[PDB]
Amino acid sequence: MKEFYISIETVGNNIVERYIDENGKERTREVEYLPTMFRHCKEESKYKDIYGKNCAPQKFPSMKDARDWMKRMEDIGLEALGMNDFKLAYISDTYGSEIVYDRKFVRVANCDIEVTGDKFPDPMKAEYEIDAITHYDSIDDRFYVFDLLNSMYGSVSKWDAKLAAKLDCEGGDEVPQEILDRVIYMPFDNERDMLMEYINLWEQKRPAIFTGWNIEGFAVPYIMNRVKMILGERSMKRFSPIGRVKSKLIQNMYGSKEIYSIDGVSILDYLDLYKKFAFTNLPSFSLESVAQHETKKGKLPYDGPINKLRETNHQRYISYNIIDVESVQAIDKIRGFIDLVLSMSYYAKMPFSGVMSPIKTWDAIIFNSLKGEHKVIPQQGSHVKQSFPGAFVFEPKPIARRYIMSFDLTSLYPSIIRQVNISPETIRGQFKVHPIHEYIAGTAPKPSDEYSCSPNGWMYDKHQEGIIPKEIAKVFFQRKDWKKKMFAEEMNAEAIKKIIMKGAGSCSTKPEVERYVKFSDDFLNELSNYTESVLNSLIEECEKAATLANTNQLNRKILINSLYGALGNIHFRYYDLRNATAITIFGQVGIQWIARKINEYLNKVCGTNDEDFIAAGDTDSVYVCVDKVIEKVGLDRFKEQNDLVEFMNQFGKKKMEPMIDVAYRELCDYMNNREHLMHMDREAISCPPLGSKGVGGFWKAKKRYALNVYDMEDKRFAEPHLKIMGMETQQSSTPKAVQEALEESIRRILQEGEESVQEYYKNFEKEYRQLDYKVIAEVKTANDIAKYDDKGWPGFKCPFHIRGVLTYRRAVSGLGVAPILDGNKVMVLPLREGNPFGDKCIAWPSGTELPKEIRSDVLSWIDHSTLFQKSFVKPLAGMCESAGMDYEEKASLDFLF
Amino acid sequence: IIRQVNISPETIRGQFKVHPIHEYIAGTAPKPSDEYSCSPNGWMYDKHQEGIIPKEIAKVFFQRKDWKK
Amino acid sequence: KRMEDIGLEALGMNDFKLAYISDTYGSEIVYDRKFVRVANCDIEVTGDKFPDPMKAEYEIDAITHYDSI
């Protein structure tokens, strides 16, 4: 196979690189790199810069020589062209051509750690002890488990595999058997031996990419702080193959935590990878909920705080962590995220960790393309931070819109990038600036005829294609090609399964198999001339090829989606404030333009005037509300929801292409570009169920609403699915039972009608009173109690939770219960005025129950009324007031005339 | 405190079972150690070798005393 | 820089001024206050606008400089 690397780093005047040799074995080499820099030249040279000026190369003998040359030509006020970074230059020059790789060869390690502690174990200080370490090695495909037997928290027994494999009722933990087939378990009596064994295990099998769920937040820091605090820095630095473990301190978002960097292994936090490369939103991003979402496999419920688990049934503890690491692997097996990171790294010819930063990725790819085109990139200009106006958010009228067709165009910012061709050399000057409303209404004349136009007052070329548009075109063509390859792989795989269940009894031999291309019929016959084992190998190969196609396709997708955020950042090598402002305000101008055109055309077609049809909207989405066409055609014509959906789909199909084309060709000739790529679709629809009196879709606030979608992007649903955001259905401040109740109420108001919501209100209101008092008690933190107490009675400015704690202490005076301690958590149950305890609330310690003697007296005297309203009534009020709806009725309007 | 507890970057010898501070304040907590000195943040420093920082503190103290005399 | 790239500790005083003082004096230093030239300066500039430390626009009319020796 081709020579492909694992990880490159810089050590002094040398480039060190861990790679895979020609025979599939891991090796390490050290090369004294000779950087080749560039500078401006008056003489004729074949190397021409971005603008077109001739430039001359220059070789250098040392790393420091090149750096000092850059500094010295910087301080004399002269510009030096090329790349300041050198690892990218080395990797680009060494390989040059596109590289191939085998995912099996690269060692992908997974880690997870469990630390028993009195208080939350703090990764930065790492004061507690490690007793659970599960390291998953890929090529060895092994779950190495390190357990600490004799800790300072009391010695415990030894883990048993067969016991854990059993069902939980006999005392097991239900770990799947194939997992225990690979669990290499080792106990340790003392911490030093276990940590040293982990160190030497890292040494023997050095990971190439070292991941885990929330790893740089809790795992990496804790392990390294503990090895520093136990063994010393001289062993802490043994993690890296080059002996360099430098600690970065910032995490400037709140300045809370610290990240780590082991020079030689590419740390890649799986939590960040999921957060950035999933396009999904969840109420909580903790491993358990997302694992349930992804693999539909939670773990057996447990009891008590985690801190005491090690001392109660440590067995389960260790088994718990063993399913912890697998869950992550499961997610990988569903998403192929590490295959994606390998694909991007080897497509951009760049180090692995750069995947975290879109700017580095884009710089690498654009430099590689330009170097392939014999050009030179400019020096990274230094600019100050000048924030530009944000997103043009439409104004939503809090009104219920029954028939609302929503749509947003594809790659808004990337498409605009070809509308204005904004590369640094493409600027051509400025023109006379009109008010923005003039361009919105089109009253301004043509800014320029032979030169392109942008609403930011600036002007760009038309015949000279920019380098950034060239990269956009290349990546977009690659994405289209790989989507075609996906279709090819899909029907090839279905042909293979057709061959499989047709039947094939013959010889066994693997033929000349191809990838990412369509399979011929004669090839299908040849595969039918092979055994069912060979057929299984063939479907495995087809599935692997399809997964690689997915990695490539979503690679292109995220590159395109990240270019916009790359261009607007200061440190990007081709930042232009004019370009960023043009991009943003052109997006605003385009969405306003299409909103106005929608209003005009819908008024003309309906025959009315001055009517507004556009609802709320973002910088790319315009949820126009169109119900006039439905009533205009005649609601009686439709007998089923499917017929109405199909009719409005045909209306959208006949309305989008011609209207959008005419509403964008004039803007295209205004802007004077080569061609208008800018276009929307009919992605989303919504409609209240036929024959019902539900509102269908309302609008509570900006980006806070609900709809009953029938068809997302031609994915029809037999029953309508509710799409909800903004409200507390997804907000975890309220309990989960009320979350279910709110989502059900939302469904009822959208679809069923008024009386349904009234009945559900009354039903839940009856059902809430007898619900268990544990879940309907508010979680609060009990602190600084002694300050707010007055001889065991409430004092000045006594907090509500502290008030409840004081009432509890008064009530449990003489009950023989443990007192509430400062810093503890308490569930609070408010009380009505006049209780024998003489106060409006009570609070009891976390994880415990109310005392039996006073439990009945409390329960008979609790005030659930104001809690119910705060946890359930609040939302309905907003939607019903914003949907022309009532949430409880006490007037007739019927009994009289 | 630095001179008495014998605290220095080189006299660290491990940690012990930390108890909550209010348990130490009332004196009901168990004896943290017998072999080396201890500090109620939950750390343990050797009793015998006087640290460099305590040594310099003692030097400066003695200079202070002789100069004031 | 070379040893830091390797990652091994480079012990010793990183600032060489302290190394010079430690090496070339060694014994307790004896000094006299009549040889240290300590200076006290004060300024007064006549100008309509409030004085701006960076602009340095006006001339200087009153300067006073006190020397100890």
# chains A, B, ... in the order shown; residues from 1 in each chain; ligands from 1
$ residues_around --residues "residue 260 (chain A)" --least-positions-apart "2" --cutoff "7 Å" --atoms "only C-alpha atoms" --output "VMD selection string"
chain A and resid 216 220 to 221 246 to 248 258 262
$ select_by_dssp --residues "region 780-881 of chain A" --states "helix (DSSP H, G or I)" --output "PyMOL selection string"
chain A and resi 785-788+800-811+852-859+865-881
$ interface_residues --of "chain A" --to "chain B" --cutoff "8 Å" --atoms "only C-alpha atoms" --output "PyMOL selection string"
chain A and resi 152-153+230
$ atom_distance --atom1 "CA of residue 243 (chain A)" --atom2 "CA of residue 351 (chain A)"
18.5 Å
$ select_by_dssp --residues "chain C" --states "strand (DSSP E)" --output "ChimeraX atom specification"
/C:39-44,62-67
$ write_last_selection --atoms "C-alpha atoms" --output "compact mmCIF listing (two decimals), in the first residue's frame"
# COMPACT_ATOMS: atom_id res chain seq x y z
CA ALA C 39 17.94 61.50 41.81
CA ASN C 40 14.59 63.21 42.34
CA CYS C 41 12.94 64.93 39.37
CA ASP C 42 9.90 67.18 39.07
CA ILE C 43 8.49 69.03 36.08
CA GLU C 44 6.27 72.03 35.37
CA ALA C 62 10.42 74.53 35.01
CA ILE C 63 12.60 71.48 35.66
CA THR C 64 14.01 70.48 39.04
CA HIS C 65 16.47 67.64 39.62
CA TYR C 66 17.95 66.83 43.03
CA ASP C 67 21.16 64.80 43.31
$ interface_residues --of "chain A" --to "chain C" --cutoff "7 Å" --atoms "only C-alpha atoms" --output "ChimeraX atom specification"
/A:11-12,242-244
$ write_last_selection --atoms "C-alpha atoms" --output "mmCIF file, in the first residue's frame"
data_model
loop_
_atom_site.group_PDB
_atom_site.id
_atom_site.type_symbol
_atom_site.label_atom_id
_atom_site.label_comp_id
_atom_site.auth_asym_id
_atom_site.auth_seq_id
_atom_site.Cartn_x
_atom_site.Cartn_y
_atom_site.Cartn_z
ATOM 1 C CA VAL A 11 11.266 19.045 17.292
ATOM 2 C CA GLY A 12 13.886 21.779 17.050
ATOM 3 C CA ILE A 242 8.725 12.597 21.828
ATOM 4 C CA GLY A 243 8.639 13.462 25.540
ATOM 5 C CA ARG A 244 6.683 16.730 25.314
#
$ residues_around --residues "region 35-37 of chain C" --least-positions-apart "2" --cutoff "9 Å" --atoms "only C-alpha atoms" --output "JSON, numbers by chain"
{"C": [31, 32, 33, 39, 67, 68, 69]}
$ write_last_selection --atoms "N, CA, C and O atoms" --output "compact mmCIF listing (two decimals), in the first residue's frame"
# COMPACT_ATOMS: atom_id res chain seq x y z
N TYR C 31 28.28 48.13 51.51
CA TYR C 31 28.06 49.27 50.64
C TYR C 31 27.91 50.52 51.49
O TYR C 31 27.73 50.46 52.71
N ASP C 32 27.97 51.68 50.83
CA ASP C 32 27.83 52.97 51.49
C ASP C 32 26.79 53.79 50.74
O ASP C 32 26.75 53.78 49.51
N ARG C 33 25.95 54.51 51.49
CA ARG C 33 24.89 55.30 50.88
C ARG C 33 25.41 56.60 50.27
O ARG C 33 24.65 57.28 49.57
N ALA C 39 18.38 60.24 42.36
CA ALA C 39 17.94 61.50 41.81
C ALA C 39 16.43 61.65 41.95
O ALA C 39 15.68 60.68 41.84
N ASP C 67 20.15 65.84 43.29
CA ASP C 67 21.16 64.80 43.31
C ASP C 67 21.71 64.65 44.73
O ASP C 67 21.87 65.64 45.45
N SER C 68 22.00 63.40 45.11
CA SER C 68 22.36 63.07 46.49
C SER C 68 23.84 63.28 46.80
O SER C 68 24.17 63.82 47.86
N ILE C 69 24.73 62.85 45.90
CA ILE C 69 26.16 62.93 46.20
C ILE C 69 26.59 64.38 46.38
O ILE C 69 27.32 64.72 47.32
$ closest_residue --among "A:773, A:127, A:197, A:388" --to "residue 582 (chain A)" --atoms "only C-alpha atoms"
A:388
$ residues_around --residues "residue 4 (chain B)" --least-positions-apart "2" --cutoff "10 Å" --atoms "only C-alpha atoms" --output "list in words"
residues 1, 2, 6, 7, 37, 47, 50 and 54 of chain B
$ write_last_selection --atoms "N, CA and C atoms" --output "PDB file, in the first residue's frame"
ATOM      1  N   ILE B   1       3.054  28.640  60.070  1.00  0.00           N
ATOM      2  CA  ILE B   1       2.446  27.413  59.561  1.00  0.00           C
ATOM      3  C   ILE B   1       3.424  26.679  58.654  1.00  0.00           C
ATOM      4  N   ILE B   2       4.094  27.419  57.769  1.00  0.00           N
ATOM      5  CA  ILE B   2       5.034  26.793  56.842  1.00  0.00           C
ATOM      6  C   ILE B   2       6.183  26.143  57.603  1.00  0.00           C
ATOM      7  N   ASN B   6       6.048  21.908  58.196  1.00  0.00           N
ATOM      8  CA  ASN B   6       7.166  21.451  57.371  1.00  0.00           C
ATOM      9  C   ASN B   6       6.709  21.203  55.929  1.00  0.00           C
ATOM     10  N   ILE B   7       6.300  22.295  55.292  1.00  0.00           N
ATOM     11  CA  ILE B   7       5.740  22.272  53.947  1.00  0.00           C
ATOM     12  C   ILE B   7       6.760  22.857  52.982  1.00  0.00           C
ATOM     13  N   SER B  37       4.032  14.133  59.217  1.00  0.00           N
ATOM     14  CA  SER B  37       3.142  15.244  59.515  1.00  0.00           C
ATOM     15  C   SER B  37       2.041  15.336  58.462  1.00  0.00           C
ATOM     16  N   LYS B  47       8.172  14.325  58.274  1.00  0.00           N
ATOM     17  CA  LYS B  47       8.489  14.956  59.548  1.00  0.00           C
ATOM     18  C   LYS B  47       9.950  15.363  59.690  1.00  0.00           C
ATOM     19  N   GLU B  50      13.934  18.998  57.191  1.00  0.00           N
ATOM     20  CA  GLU B  50      13.386  20.344  57.108  1.00  0.00           C
ATOM     21  C   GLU B  50      13.499  20.858  55.680  1.00  0.00           C
ATOM     22  N   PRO B  54      11.153  26.180  54.686  1.00  0.00           N
ATOM     23  CA  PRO B  54      11.280  26.392  56.138  1.00  0.00           C
ATOM     24  C   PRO B  54      12.686  26.765  56.575  1.00  0.00           C
TER      25      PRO B  54
END
$ atom_distance --atom1 "CA of residue 825 (chain A)" --atom2 "CA of residue 779 (chain A)"
7.0 Å
$ residues_around --residues "region 681-694 of chain A" --least-positions-apart "5" --cutoff "7 Å" --atoms "only C-alpha atoms" --output "list in words"
residues 402, 403, 404, 405, 406, 407, 408, 409, 640, 641, 652, 707, 708, 709, 710, 711, 712, 713, 749, 750, 751, 752 and 753 of chain A
$ write_last_selection --atoms "C-alpha atoms" --output "compact mmCIF listing (two decimals), in the first residue's frame"
# COMPACT_ATOMS: atom_id res chain seq x y z
CA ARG A 402 -52.52 26.73 9.92
CA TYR A 403 -51.05 26.26 6.39
CA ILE A 404 -47.36 27.32 6.49
CA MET A 405 -44.82 26.13 3.84
CA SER A 406 -41.26 26.65 5.09
CA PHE A 407 -38.07 26.55 3.07
CA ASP A 408 -34.43 27.61 3.25
CA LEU A 409 -31.97 27.67 0.32
CA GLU A 640 -57.92 13.06 3.27
CA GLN A 641 -54.87 14.84 4.61
CA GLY A 652 -45.28 24.44 -4.50
CA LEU A 707 -45.52 22.98 13.76
CA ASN A 708 -47.19 19.75 12.67
CA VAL A 709 -44.96 18.72 9.78
CA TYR A 710 -46.25 16.12 7.31
CA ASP A 711 -43.31 15.96 4.86
CA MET A 712 -39.69 16.93 5.54
CA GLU A 713 -37.74 17.08 2.26
CA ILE A 749 -53.65 22.16 20.57
CA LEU A 750 -52.00 21.85 17.15
CA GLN A 751 -54.14 18.94 15.96
CA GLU A 752 -57.21 18.13 18.05
CA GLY A 753 -58.85 21.39 19.12
